[PDB]
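Structure, as structure tokens:
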Amino acid sequence: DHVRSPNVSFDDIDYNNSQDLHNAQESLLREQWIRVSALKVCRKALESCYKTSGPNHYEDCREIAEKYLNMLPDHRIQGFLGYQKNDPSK
Amino acid sequence: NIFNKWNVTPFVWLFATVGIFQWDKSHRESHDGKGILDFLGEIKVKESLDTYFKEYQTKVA
Amino acid sequence: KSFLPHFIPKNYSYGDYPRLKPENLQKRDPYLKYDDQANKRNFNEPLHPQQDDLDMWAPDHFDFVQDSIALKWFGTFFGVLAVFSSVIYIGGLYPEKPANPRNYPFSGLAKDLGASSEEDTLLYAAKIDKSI
Amino acid sequence: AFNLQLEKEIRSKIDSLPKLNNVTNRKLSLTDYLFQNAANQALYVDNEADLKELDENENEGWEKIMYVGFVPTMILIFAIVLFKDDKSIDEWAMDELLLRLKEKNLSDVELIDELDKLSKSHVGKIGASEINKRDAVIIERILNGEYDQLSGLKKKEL
Amino acid sequence: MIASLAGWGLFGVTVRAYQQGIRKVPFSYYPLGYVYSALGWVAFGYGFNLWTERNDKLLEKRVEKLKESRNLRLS
Amino acid sequence: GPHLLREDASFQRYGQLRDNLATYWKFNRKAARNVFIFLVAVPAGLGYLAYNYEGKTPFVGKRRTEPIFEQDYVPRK
Amino acid sequence: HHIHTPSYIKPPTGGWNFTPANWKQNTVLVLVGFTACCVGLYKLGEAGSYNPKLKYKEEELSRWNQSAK
Amino acid sequence: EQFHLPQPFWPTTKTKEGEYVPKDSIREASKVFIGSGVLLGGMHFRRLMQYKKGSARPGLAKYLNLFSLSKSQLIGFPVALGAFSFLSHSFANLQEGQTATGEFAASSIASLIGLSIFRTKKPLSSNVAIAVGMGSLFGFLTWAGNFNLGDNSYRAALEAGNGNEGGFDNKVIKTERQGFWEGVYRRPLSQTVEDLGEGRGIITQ
Amino acid sequence: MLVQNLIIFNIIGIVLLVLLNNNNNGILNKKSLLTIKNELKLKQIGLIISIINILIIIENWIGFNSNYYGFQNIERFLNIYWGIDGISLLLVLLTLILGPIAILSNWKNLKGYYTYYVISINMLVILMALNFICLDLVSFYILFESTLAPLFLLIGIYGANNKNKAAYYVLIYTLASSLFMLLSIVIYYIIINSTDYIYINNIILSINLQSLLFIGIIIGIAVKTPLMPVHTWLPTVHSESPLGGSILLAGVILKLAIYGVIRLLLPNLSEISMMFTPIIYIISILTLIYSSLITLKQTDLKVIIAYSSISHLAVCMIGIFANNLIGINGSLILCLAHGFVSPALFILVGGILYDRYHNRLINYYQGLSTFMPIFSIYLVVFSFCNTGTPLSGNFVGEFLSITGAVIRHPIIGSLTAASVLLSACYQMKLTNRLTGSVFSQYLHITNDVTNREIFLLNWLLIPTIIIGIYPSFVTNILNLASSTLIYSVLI
Ligand SMILES: CCCCCCCCCCCCCCCCCC(=O)OC[C@H](COP(=O)(O)OCCN)OC(=O)CCCCCCCCCCCCCCCCC
Ligand SMILES: CCCCCCCCCCCC(=O)OC[C@H](COP(=O)(O)OCC[N+](C)(C)C)OC(=O)CCCCCCCCCCC
Ligand SMILES: CCCCCCCCCCCC(=O)OC[C@H](COP(=O)(O)OCC[N+](C)(C)C)OC(=O)CCCCCCCCCCC
Ligand SMILES: CCCCCCCCCCCC(=O)OC[C@H](COP(=O)(O)OCC[N+](C)(C)C)OC(=O)CCCCCCCCCCC
Ligand SMILES: CCCCCCCCCCCC(=O)OC[C@H](COP(=O)(O)OCC[N+](C)(C)C)OC(=O)CCCCCCCCCCC
């Protein structure tokens, strides 16, 4: 069937647990791919709004375009190695 | 001969692939979307694969 | 009259390899018979160490004038088109606009040009029609 | 099918022409290359060298192997990339996104109506396409809130 | 243990078969040589397995002492 | 086989030389000038462009925060 | 005319003024073949094509902009 | 801001500021120069005695010719070794310690000085080619930590607790940088920014 | 199941061919029956063995999950753990598919000793294929260097006039450079007590130690791709090695360097890889530009193709060191697309022309389209594939690799677009000459492409265009495996 993301953070596990570190690595990967899925859906709305609105696309699709331009920098795959090997609070 | 061994072959591949392609779609209409190749065997899942990974990393430690 | 292309050495030393004056084969008389008529080559003719730069397959060598003359003529031409441009600009001989350039209502169609609110009006607005 | 009596005819006839360099009813089987006596194997080659001596680019011995073993192997590879029930991560993520939309909006009459009538084959075809389906509310709800849980895994900030 | 000794005998068959190529004789020459070679390496294989089984027992006993030695260091 | 290529001695001499240019190469002043350009000068130029703009170009979804067209026109007379 | 060496040079395009003896027979087959799946192109095109300016109503798009706001 | 280049250098003990009493370069070079000239000159006159004792024996003569030194080598060798010792100590005093760059400079100059004495009948560019080759070898020798890393080896680090004997733990995070031979599960993100800098995916995009 | 069957079956195949062909060495002086038709039966058995190896990886592909994170089919054999992911699975299949092609390319152009050649080809294929399924650094090095022993003898026995020069070059360039990679592996086993992939991927080493380990490994990788300035072995080896040796060298052996980056650098030395990327990009960009301009002046047909391979593998190196999914996928697709086009160009240049005229000098060939029209079609078609013309897998690999470089480094990654111009400059200079002007006066008219050579060209062209038009056959498998290699902490 449709498997699900085992929501597991690096912050709540012991890396010496081989299976727990594997889940946190998988958990971070699956949440980034969903954000890529969401970004593509938003871009689908932008394309349909642009085609239909014609010369009205500047006003009609303004907030859709603004949201796509905001999500684009970070709604991409970043990997799990960066956050696994770095502690932001230190 | 326009039906020689070399001209026919691309058309035989094309029609056969379309036929198998259309056959697969019908098979997905009657097996809850499961494909025509499902007879060969299915795909291993995470739980069955985790146990191999768990025993592999324990030995390495 | 006829001169060799650039980057052709006047001497070389490659052991016992025969030393010969570089002949650009593109310039050979095409009304003579050759064993290789297309390449203008007879069988067993010694090849220059850089013969690939001096044969039919090398880029065509134009030699109607020297390169400096062609480069001098090339610069002379576009220099005139720049003096003509510069005389008009400094003197300001081009005509002025006969009418104030087009302006639009609704704060210069700011809303229709993707402006969000009053903070971003002049960011997106076209020329504003001050006469309502 | 060595047929030693047949080679003797073949060997003798080449002897009727003393000069050199101046049959289709012959075949061998798999069991012959290992079990014939050493005398008979010598005779076969002496004919084969001389038969070939008395002579385009066909019947080289590879055609059967490549067209019975290799081409079906590539067909099987072509079938697997076509008709194997394998989800990729990007295809899984789109299905998971629609599933979480359903779970966050259980009390939504409009959304669940479209989600149920949105067939599994058109999940990856959301948007504008030839398929006439209603995903306007589905797209509307994704644009409203964020259905990923990446913020719930990074529990350490600056 | 039969599976392990089966491989050792098969190693001995390979040793004899390789020797036949060195001496340039057909591999069917003197078939008793494979039987002799197979048993000679089963004998070595049986002694080899006793050697490795002994080594694992000795290694465990030494490792227990080494872990106690390491626990003192990690403090 | 049947020697389907008409072997040319001058072709063979020329081809043999082009394969064996290394034998006659001398590390003179001319060779040193080209070695410095290709293996030191040019890599240094790319070396300084790569690290100068390492992480200095955030060009993903870059926004426009400044107007393009002028609002008012001023004649030149 | 000239010598085209047609004994062994038979490219897919013909090789120096090649028209086979049975060209009328083959031309009808190719014309049938060309016409048959030229209709197949038409049948596929009419089913698959769509108008991208009529897929979503303007009322559906207003909700998108506000929700994404 | 400075460029963030990799630093492939083996661990060495770093003397604290105010430490490193310098070594007398002239005095140390004097001992190498005088001791070498005495031995090389003394062994030269010892071999001349072996020549006089026998010159009709080809076996002795062949072996003596291999060890024989020319007049310019009897002077050049002590000078090259003396200049090496002086320049190695002089550069080490300059840099508050010995570096591979200092040894590369000291060895190539010492070689070129000697080569210009006992290899006079060779082109100048040939002597420089050897001097660059000789200087690189000694620079590589210093870069690799001379003949052994000593107190900077992993075996030494493992005996001092600076190795990885106890394993790793992600819950433990250290502000100070890990040891050269030490590995950790998780690191402070500030250390990554110090190493790589911000930009192409660190913090910002 | 995979590794155990792939090794046991091939050993039985190796022993079987030795037993049949060496049973009659003993002053029999006989005529045998397997020696007829250039050892046809022994060739056919080895050809069948190569195809069966492709069937073994398929049985494990049917059960492969593209939506599983981690290694699959985890197996223990010879005290070594063997596993496969999306990246490894495609490289194994590429390696095994070229096995039958290498044998068939040398079906009738060897002076003798066909059993030895077939065994070495099947031995090279399995050792390279096993290199993609090992799961530790030491096992990676064992398989990385084990190929040198058969490859050295393959060149020296079946090679061209300068085979002695080429055999020494491959043995010394690759062995000396890989020993530097062994030094880094020894350091890993000393300080971490293991070389397992997963174990070492989680350990962060000091930034100074990561620099030393990176340089050791990169020396072995840079020589084997190859990159400038350690590339001088490849053109000499390619021009003298047999056709099957060139196919495996140009199709698999060079791809092990990219897989080395994927295993030995990205997941374990992640912090230091970001530091080294500008240096990697500069070296690779100059490798691409220099090799393209040098290719213009070449006069040997098989050396021109050898320098063409260096230019494209610089692009693969650029893509794999981009820290984004676009570049990594683009580099992997370009590796597979190159794995078919490059062997095809060696068959056209060193397998068809050389088998007829036995001369690789460019000056002898022109106007081939007059009496070799079928050869000219395949030559022209593969030339446009080699320059990354769209509809070919090369373009999809090249465009994503260039795009991944631009995203990674907008300023210097833009120089990668010179691959589009420079590759067409030297490739279409060679093709425009072979198909241009009057048929050469130095050649006699002979047979055109035969059925065997048509078969080889068709089945190297077909995968290139299928990947070029629908690369999602490959990207679906690579998607979850490639996403694990990215290192970034966005705040
Ligand atoms: C009344 C006078 C009596 C004289 C007695 C000596 C007889 C003449 C021999 C010449 C002197 C050389 C030997 C000197 C003693 C041996 C070296 C030594 O022990 O060091 C002494 C000298 C000063 O060093 P210093 O720091 O004072 O000693 C340690 C104090 N804590 O350290 C030195 O600097 C000595 C100089 C050594 C450097 C030159 C030798 C290296 C170059 C030549 C190599 C010879 C051939 C190579 C042999 C090895 C072959 C594998
Ligand atoms: C012409 C032919 C060309 C080459 C063909 C190759 C044929 C290979 C045949 C292998 C037979 C087989 O399968 O052997 C297997 C058997 C049984 O293994 P086990 O006891 O269960 O050990 C378990 C094995 N592990 C650890 C992999 C699981 O071990 C042997 O006999 C070992 C082979 C001997 C190798 C020499 C080293 C040992 C001697 C020590 C002295 C210092
Ligand atoms: C308990 C386990 C071992 C039992 C057997 C061991 C002794 C065998 C002696 C039998 C007599 C014999 O060897 O007879 C001589 C034969 C035949 O010689 P040939 O070359 O064919 O000469 C031709 C003979 N004609 C002319 C009569 C035909 O040689 C063999 O078969 C060689 C096999 C030797 C096996 C050695 C095993 C070594 C293992 C080493 C592990 C470290
Ligand atoms: C996967 C692991 C496999 C390991 C086993 C290797 C094969 C053993 C072959 C022994 C039997 C033999 O020497 O036989 C010889 C055979 C076949 O030669 P032929 O043409 O029949 O000989 C001519 C006989 N005539 C004249 C009658 C026709 O040559 C081979 O097989 C060659 C394979 C080995 C080449 C590479 C050597 C590398 C050594 C180091 C490896 C890391
Ligand atoms: C978008 C993808 C399009 C695919 C289909 C396009 C039509 C295919 C035509 C095949 C037949 C043909 O042209 O090759 C065969 C013809 C033969 O010459 P001829 O006219 O019969 O004269 C015969 C007289 N000779 C023998 C003197 C020529 O050419 C040639 O050998 C000429 C050499 C150039 C090769 C052209 C290959 C073009 C491939 C296109 C690369 C993308």
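In the structure tokens, each chain is lettered A, B, ... as it comes, each chain's residues begin at 1, and ligands are numbered from 1 in order of appearance.
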Discussion item. Give me the residues near residue A:58 as a ChimeraX atom specification, where near means some atom within 7 Å (using only C-alpha atoms) and where sequence neighbours in that chain fewer than 5 positions away do not count.
Written reply: /C:112-114
Produce a file of the selected residues containing N, CA and C atoms, as a compact mmCIF listing (two decimals), in the first residue's frame.
# COMPACT_ATOMS: atom_id res chain seq x y z
N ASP C 112 -2.85 47.11 -12.09
CA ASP C 112 -2.82 46.19 -13.22
C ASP C 112 -1.43 45.70 -13.56
N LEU C 113 -0.38 46.27 -12.96
CA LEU C 113 0.99 45.88 -13.24
C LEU C 113 1.64 45.17 -12.05
N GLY C 114 0.84 44.46 -11.26
CA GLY C 114 1.38 43.64 -10.19
C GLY C 114 1.80 44.37 -8.94
Practice prompt. Please provide as a list in words all residues within 12 Å of residue E:37, with the sequence filter that same-chain residues fewer than 2 positions apart are discarded (counting only C-alpha atoms).
Written response: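 Here the answer would be residues 8, 9, 10, 11, 12, 13, 14, 15, 16, 17, 18, 19, 20, 30, 31, 32, 33, 34, 35, 39, 40, 41, 42, 43 and 44 of chain E.
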Hey, can you spit out that residue selection with N, CA, C and O atoms as a JSON list (two decimals), in the first residue's frame?
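After the write, selection_36.json holds the following:
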[["chain", "number", "residue", "atom", "x", "y", "z"],
["E", 8, "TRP", "N", 36.41, -28.05, 0.92],
["E", 8, "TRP", "CA", 37.83, -28.36, 0.99],
["E", 8, "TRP", "C", 38.20, -29.48, 0.02],
["E", 8, "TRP", "O", 39.24, -29.41, -0.64],
["E", 9, "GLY", "N", 37.37, -30.51, -0.07],
["E", 9, "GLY", "CA", 37.60, -31.54, -1.06],
["E", 9, "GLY", "C", 37.51, -31.01, -2.48],
["E", 9, "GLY", "O", 38.27, -31.42, -3.36],
["E", 10, "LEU", "N", 36.59, -30.07, -2.71],
["E", 10, "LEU", "CA", 36.48, -29.45, -4.02],
["E", 10, "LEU", "C", 37.68, -28.56, -4.32],
["E", 10, "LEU", "O", 38.07, -28.42, -5.48],
["E", 11, "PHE", "N", 38.27, -27.95, -3.29],
["E", 11, "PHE", "CA", 39.54, -27.27, -3.47],
["E", 11, "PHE", "C", 40.63, -28.25, -3.89],
["E", 11, "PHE", "O", 41.44, -27.96, -4.78],
["E", 12, "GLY", "N", 40.66, -29.43, -3.26],
["E", 12, "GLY", "CA", 41.64, -30.44, -3.63],
["E", 12, "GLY", "C", 41.45, -30.96, -5.04],
["E", 12, "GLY", "O", 42.42, -31.32, -5.71],
["E", 13, "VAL", "N", 40.20, -31.02, -5.51],
["E", 13, "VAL", "CA", 39.94, -31.38, -6.90],
["E", 13, "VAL", "C", 40.50, -30.32, -7.83],
["E", 13, "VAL", "O", 41.08, -30.63, -8.88],
["E", 14, "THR", "N", 40.32, -29.04, -7.47],
["E", 14, "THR", "CA", 40.87, -27.95, -8.28],
["E", 14, "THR", "C", 42.39, -28.00, -8.32],
["E", 14, "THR", "O", 43.00, -27.76, -9.37],
["E", 15, "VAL", "N", 43.03, -28.32, -7.19],
["E", 15, "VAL", "CA", 44.48, -28.39, -7.14],
["E", 15, "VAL", "C", 44.99, -29.46, -8.11],
["E", 15, "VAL", "O", 45.93, -29.24, -8.87],
["E", 16, "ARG", "N", 44.37, -30.64, -8.08],
["E", 16, "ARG", "CA", 44.76, -31.70, -9.00],
["E", 16, "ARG", "C", 44.47, -31.31, -10.44],
["E", 16, "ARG", "O", 45.31, -31.51, -11.33],
["E", 17, "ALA", "N", 43.30, -30.72, -10.70],
["E", 17, "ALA", "CA", 42.95, -30.33, -12.06],
["E", 17, "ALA", "C", 43.90, -29.27, -12.59],
["E", 17, "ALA", "O", 44.25, -29.29, -13.78],
["E", 18, "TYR", "N", 44.33, -28.34, -11.74],
["E", 18, "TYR", "CA", 45.32, -27.36, -12.17],
["E", 18, "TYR", "C", 46.67, -28.03, -12.45],
["E", 18, "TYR", "O", 47.37, -27.64, -13.38],
["E", 19, "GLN", "N", 47.03, -29.03, -11.64],
["E", 19, "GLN", "CA", 48.29, -29.73, -11.85],
["E", 19, "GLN", "C", 48.31, -30.44, -13.20],
["E", 19, "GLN", "O", 49.35, -30.47, -13.87],
["E", 20, "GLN", "N", 47.18, -31.03, -13.61],
["E", 20, "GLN", "CA", 47.12, -31.70, -14.90],
["E", 20, "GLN", "C", 47.43, -30.73, -16.04],
["E", 20, "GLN", "O", 48.06, -31.11, -17.03],
["E", 30, "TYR", "N", 44.56, -40.66, -15.25],
["E", 30, "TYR", "CA", 44.67, -41.23, -13.91],
["E", 30, "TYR", "C", 43.60, -40.64, -12.99],
["E", 30, "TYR", "O", 43.91, -39.78, -12.15],
["E", 31, "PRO", "N", 42.34, -41.06, -13.13],
["E", 31, "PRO", "CA", 41.27, -40.45, -12.33],
["E", 31, "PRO", "C", 41.43, -40.62, -10.83],
["E", 31, "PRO", "O", 40.79, -39.87, -10.07],
["E", 32, "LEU", "N", 42.23, -41.58, -10.37],
["E", 32, "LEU", "CA", 42.44, -41.74, -8.93],
["E", 32, "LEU", "C", 43.14, -40.54, -8.31],
["E", 32, "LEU", "O", 43.05, -40.35, -7.09],
["E", 33, "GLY", "N", 43.84, -39.73, -9.11],
["E", 33, "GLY", "CA", 44.53, -38.58, -8.56],
["E", 33, "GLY", "C", 43.60, -37.56, -7.94],
["E", 33, "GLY", "O", 43.96, -36.91, -6.96],
["E", 34, "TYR", "N", 42.40, -37.40, -8.50],
["E", 34, "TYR", "CA", 41.43, -36.50, -7.90],
["E", 34, "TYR", "C", 40.95, -37.02, -6.55],
["E", 34, "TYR", "O", 40.80, -36.25, -5.60],
["E", 35, "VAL", "N", 40.72, -38.33, -6.45],
["E", 35, "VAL", "CA", 40.31, -38.91, -5.18],
["E", 35, "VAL", "C", 41.40, -38.73, -4.13],
["E", 35, "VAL", "O", 41.12, -38.36, -2.98],
["E", 39, "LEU", "N", 40.93, -36.12, -0.81],
["E", 39, "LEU", "CA", 41.03, -36.54, 0.58],
["E", 39, "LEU", "C", 42.15, -35.82, 1.32],
["E", 39, "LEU", "O", 42.03, -35.53, 2.51],
["E", 40, "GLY", "N", 43.25, -35.52, 0.62],
["E", 40, "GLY", "CA", 44.36, -34.83, 1.26],
["E", 40, "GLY", "C", 44.01, -33.44, 1.75],
["E", 40, "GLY", "O", 44.56, -32.97, 2.75],
["E", 41, "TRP", "N", 43.10, -32.76, 1.05],
["E", 41, "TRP", "CA", 42.67, -31.43, 1.47],
["E", 41, "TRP", "C", 41.43, -31.45, 2.36],
["E", 41, "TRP", "O", 41.18, -30.47, 3.05],
["E", 42, "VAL", "N", 40.66, -32.54, 2.35],
["E", 42, "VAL", "CA", 39.67, -32.74, 3.40],
["E", 42, "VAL", "C", 40.35, -32.92, 4.74],
["E", 42, "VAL", "O", 39.91, -32.38, 5.76],
["E", 43, "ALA", "N", 41.45, -33.68, 4.76],
["E", 43, "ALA", "CA", 42.22, -33.85, 5.99],
["E", 43, "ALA", "C", 42.77, -32.51, 6.47],
["E", 43, "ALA", "O", 42.68, -32.17, 7.66],
["E", 44, "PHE", "N", 43.35, -31.73, 5.56],
["E", 44, "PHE", "CA", 43.80, -30.38, 5.92],
["E", 44, "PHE", "C", 42.61, -29.51, 6.30],
["E", 44, "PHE", "O", 42.72, -28.68, 7.21]]
Practice prompt. Could you tell me which of D:48, D:111, D:87, D:116 comes closest to chain A if we count only C-alpha atoms?
Written response: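 Result for the nearest residue to chain A: D:87.
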Discussion item. As a quick test: using only C-alpha atoms and all ligand atoms, which residues lie no more than 10 Å away from ligand 1? Give them as a VMD selection string.
Written reply: chain H and resid 27 to 43 77 to 78 81 to 82 85
Discussion item. I'd like the contact shell of residue G:6 - 9 Å cut-off, only C-alpha atoms, skipping same-chain residues fewer than 2 positions apart - returned as a list in words.
Written reply: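 Listed by chain and then number, they are residues 3, 4, 8, 9, 10, 15, 16 and 18 of chain G.
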Grab the residues selected above and save them as a PDB file, in the first residue's frame with N, CA, C and O atoms.
ATOM      1  N   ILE G   3      27.771   5.697 -64.887  1.00  0.00           N
ATOM      2  CA  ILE G   3      27.888   4.452 -64.138  1.00  0.00           C
ATOM      3  C   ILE G   3      27.649   4.780 -62.672  1.00  0.00           C
ATOM      4  O   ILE G   3      28.422   5.527 -62.060  1.00  0.00           O
ATOM      5  N   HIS G   4      26.576   4.229 -62.114  1.00  0.00           N
ATOM      6  CA  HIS G   4      26.172   4.508 -60.746  1.00  0.00           C
ATOM      7  C   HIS G   4      26.658   3.462 -59.755  1.00  0.00           C
ATOM      8  O   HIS G   4      26.434   3.622 -58.551  1.00  0.00           O
ATOM      9  N   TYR G   8      26.075  -3.056 -55.682  1.00  0.00           N
ATOM     10  CA  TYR G   8      26.183  -3.313 -54.255  1.00  0.00           C
ATOM     11  C   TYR G   8      25.887  -2.113 -53.368  1.00  0.00           C
ATOM     12  O   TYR G   8      25.742  -2.298 -52.155  1.00  0.00           O
ATOM     13  N   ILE G   9      25.785  -0.905 -53.917  1.00  0.00           N
ATOM     14  CA  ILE G   9      25.466   0.281 -53.129  1.00  0.00           C
ATOM     15  C   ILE G   9      23.959   0.497 -53.229  1.00  0.00           C
ATOM     16  O   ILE G   9      23.456   1.014 -54.227  1.00  0.00           O
ATOM     17  N   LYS G  10      23.235   0.100 -52.184  1.00  0.00           N
ATOM     18  CA  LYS G  10      21.778   0.207 -52.137  1.00  0.00           C
ATOM     19  C   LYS G  10      21.377   0.887 -50.835  1.00  0.00           C
ATOM     20  O   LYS G  10      20.906   0.233 -49.897  1.00  0.00           O
ATOM     21  N   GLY G  15      20.306   5.738 -54.112  1.00  0.00           N
ATOM     22  CA  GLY G  15      21.557   5.613 -54.836  1.00  0.00           C
ATOM     23  C   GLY G  15      21.549   5.888 -56.330  1.00  0.00           C
ATOM     24  O   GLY G  15      21.539   4.944 -57.127  1.00  0.00           O
ATOM     25  N   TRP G  16      21.523   7.167 -56.722  1.00  0.00           N
ATOM     26  CA  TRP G  16      21.676   7.572 -58.121  1.00  0.00           C
ATOM     27  C   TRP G  16      20.539   7.144 -59.041  1.00  0.00           C
ATOM     28  O   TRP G  16      20.718   6.248 -59.870  1.00  0.00           O
ATOM     29  N   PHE G  18      17.356   5.703 -58.610  1.00  0.00           N
ATOM     30  CA  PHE G  18      16.817   4.363 -58.445  1.00  0.00           C
ATOM     31  C   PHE G  18      15.299   4.430 -58.370  1.00  0.00           C
ATOM     32  O   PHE G  18      14.742   5.085 -57.483  1.00  0.00           O
TER      33      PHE G  18
END
Worksheet entry | Residue hits in chain G, query chain B, radius 10 Å, only C-alpha atoms, as a VMD selection string | chain G and resid 12 20 22 to 23 25 to 27 29 to 30
Worksheet entry | Shell around residue D:49 at 10 Å using only C-alpha atoms, local window under 4 positions removed, as a PyMOL selection string | (chain D and resi 44-45+53-54) or (chain I and resi 36-37)
Could you dump the residues just selected with N, CA and C atoms as a PDB file, in the first residue's frame?
ATOM      1  N   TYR D  44      37.951 -34.658 -39.460  1.00  0.00           N
ATOM      2  CA  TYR D  44      36.963 -33.608 -39.696  1.00  0.00           C
ATOM      3  C   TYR D  44      37.629 -32.272 -40.001  1.00  0.00           C
ATOM      4  N   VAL D  45      38.679 -31.928 -39.254  1.00  0.00           N
ATOM      5  CA  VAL D  45      39.356 -30.652 -39.464  1.00  0.00           C
ATOM      6  C   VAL D  45      40.106 -30.652 -40.789  1.00  0.00           C
ATOM      7  N   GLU D  53      39.228 -24.100 -47.877  1.00  0.00           N
ATOM      8  CA  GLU D  53      40.264 -23.660 -48.805  1.00  0.00           C
ATOM      9  C   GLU D  53      39.725 -23.554 -50.225  1.00  0.00           C
ATOM     10  N   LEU D  54      38.871 -24.493 -50.624  1.00  0.00           N
ATOM     11  CA  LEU D  54      38.293 -24.514 -51.963  1.00  0.00           C
ATOM     12  C   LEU D  54      37.240 -23.444 -52.178  1.00  0.00           C
TER      13      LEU D  54
ATOM     14  N   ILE I  36      37.840 -25.393 -34.517  1.00  0.00           N
ATOM     15  CA  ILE I  36      37.365 -25.058 -35.851  1.00  0.00           C
ATOM     16  C   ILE I  36      36.618 -23.731 -35.818  1.00  0.00           C
ATOM     17  N   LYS I  37      36.699 -22.995 -36.929  1.00  0.00           N
ATOM     18  CA  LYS I  37      36.006 -21.718 -37.096  1.00  0.00           C
ATOM     19  C   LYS I  37      36.409 -20.728 -36.005  1.00  0.00           C
TER      20      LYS I  37
END
Item to complete: Show which residues sit within 12 Å of residue A:50, as a ChimeraX atom specification. Count only C-alpha atoms, and ignore same-chain residues fewer than 5 positions away.
Response: /A:43-45,55-62,64-65 /D:128 /G:52-54,56,58,61,65
Discussion item. So that I can check the surroundings of stretch 38-54 of chain F, please list as a list in words every protein, DNA and RNA residue that reaches within 7 Å of it, counting only C-alpha atoms and ignoring chain neighbours fewer than 4 positions away.
Written reply: residues 34 of chain F; 3 and 199 of chain H; 278, 282 and 412 of chain I
Discussion item. Can you measure atom CA of residue I:375 to atom 35 (C, counted along the ligand's line) of ligand 5 for me? One decimal in Å is fine.
Written reply: 8.3 Å
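Summary of the local environment: counting only C-alpha atoms, residues at most 10 Å from residue A:11, other than itself and those fewer than 5 positions away along its chain, are residues 24, 83, 84 and 87 of chain A; 153, 154, 155 and 156 of chain D; 170 and 171 of chain H.
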Practice prompt. Could the residues of chain A within 10 Å of chain B, counting only C-alpha atoms, be given as a PyMOL selection string, please?
Written response: chain A and resi 1+3+16-20+22-23
